[PDB]
Every structure is written in structure tokens, then in C-alpha cells.
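I have placed the structure first, in the form of C-alpha cells, so that the comments after it can refer back to it.
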Amino acid sequence: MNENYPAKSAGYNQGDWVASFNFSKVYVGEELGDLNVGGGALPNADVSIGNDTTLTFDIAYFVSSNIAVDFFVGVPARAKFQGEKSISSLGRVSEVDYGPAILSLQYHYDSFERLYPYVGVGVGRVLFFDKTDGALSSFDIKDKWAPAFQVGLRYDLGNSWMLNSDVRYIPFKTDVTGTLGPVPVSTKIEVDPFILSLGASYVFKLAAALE
């Protein structure tokens, strides 16, 4: 008739592992930034990216009930984007693979507004695969790396299916160079890329049992 010694509860414990899978929408590409050129003139170029479906996978590690860690990663295929004056019009300027590598932790913070989202921060490195960039003879692009900040919320809506939504911000400038034979052209462009992650996640508890 009476109740005693209830069942154990396990929802969040230090060392928890939850896979958060969501689509990351990158937003960058305003206009190239040429410093100088042998030609003498100082024209302006234009970059463009192809609109297509894309997904991203990140690993969230629950260590504390106040904060946690998340690592954004993805193995996208080879994509071709524009980035020039006359070459842009053609449609074939640069083509390579995407190597999005970001790792930051999420933490809560005081708030007054309705929604009480969380803010994170860490190291966000963006690299690519040397395939065929630039309108020149197999041109390469100098990747970049720097600290980024995350902003969003994470909850569990439904059974065996959680939800996650945040955004990654980190303004930086990429470089471009490479040439087979003659002297390559070292260029640089400063832009503020905006990544939007939206999808679901899945919580999981370690298998190894401790005393």
C-alpha cells in the first residue's frame, strides 16, 4: 500500500554522450578583395555559392548540469563556387571540398527576455580539400582558423528524439594562392561567415560501468 525505494533516475550525469545532428547553413561571400595587380587597374570581383541541401553532425558531451561541450563536424562533398569578375559569369571559378571543423562548449547565462537560450564559445577552424580552386591553373585556397561563438538552445522534444538549434559566428579573412610553374597570386578576403545549425539530437549513456 505504501511507496518506498523508488526507481533510479538517469537523465543528465557527468560523462554523458549525446549525438546532435542538424543542418548547418553557412552564409558568406560578399565580394573578393584584390589588393593589387600587374595589370594596373583595380577592378572588382564577385563570389557566389550553389544552393543545395546540406547536413551537419556534432558530438555533445554532458559533463555538468550547468554547462556542456559540443563539437561541430561534417564530411561534405566537393562543391564549386564563383569568385571573380569575368570568371564569375562563367560559373566555374573554384571547386573543392568543405572541411568545417568547429569545437566549442555551451554555457547558460542570466536573461530577462522571454526565451532563455544559452551561449557557447570555442575554437572554430575552417579548412578545405585541395582540388581545383581559382580560375587559374589549379589554384589553391589558404584555409583559416580562429575562436568562434555559439548561440542557441537545446532540449528534448518527444521520446528518443531531442531537438537542437543554435548559430555560429566568427568573422575572419581567408587567403588564396597556388600555381604550377609561374608565380602564384597571393590574395586575401575578409568576410563574416554565419552558420545556422538546426536539427535534432540523441542522448546516450556510456556502457562502461563504474563502482
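Residue numbering restarts at 1 in every chain; chains get A, B, ... in the order shown in the C-alpha cells, and ligands count up from 1 in that same order.
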
Discussion item. Using only C-alpha atoms, which protein or nucleic acid residues come within 12 Å of residue 180 of chain A? Drop anything in the same chain fewer than 2 positions from it, and give the result as number ranges by chain.
Written reply: A: 136-140, 177-178, 182-185

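Proximity to residue 169 of chain A at 7 Å, evaluated using only C-alpha atoms and with sequence-adjacent residues fewer than 4 positions away removed, yields residues 148, 149, 150, 193, 194 and 195 of chain A.
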
Discussion item. What's around residue 186 of chain A at 12 Å? Count only C-alpha atoms, leave out sequence neighbours fewer than 3 positions away in its own chain, and write the answer as an NGL selection string.
Written reply: :A and (33-37 or 134 or 139-142 or 174-179 or 183 or 189)

Discussion item. Ranking A:79, A:119, A:200, A:105 by minimum distance to residue 64 of chain A and counting only C-alpha atoms, which one comes first?
Written reply: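 Between A:79, A:119, A:200, A:105, the residue approaching residue 64 of chain A most closely is A:105.
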
Worksheet entry | For residue 131 of chain A, the nearest of the candidates A:104, A:53, A:165, A:94, counting only C-alpha atoms |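 Nearest candidate to residue 131 of chain A out of A:104, A:53, A:165, A:94: A:94.
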
Item to complete: From a DSSP pass on the backbone, collect the residues of chain A flagged as helix (DSSP H, G or I) and hand them back as a ChimeraX atom specification.
Response: /A:86-90

Practice prompt. Find the residue from A:206, A:198, A:127, A:67 that sits nearest to residue 54 of chain A; use only C-alpha atoms when measuring.
Written response: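 Distance minimum relative to residue 54 of chain A lands on A:198.
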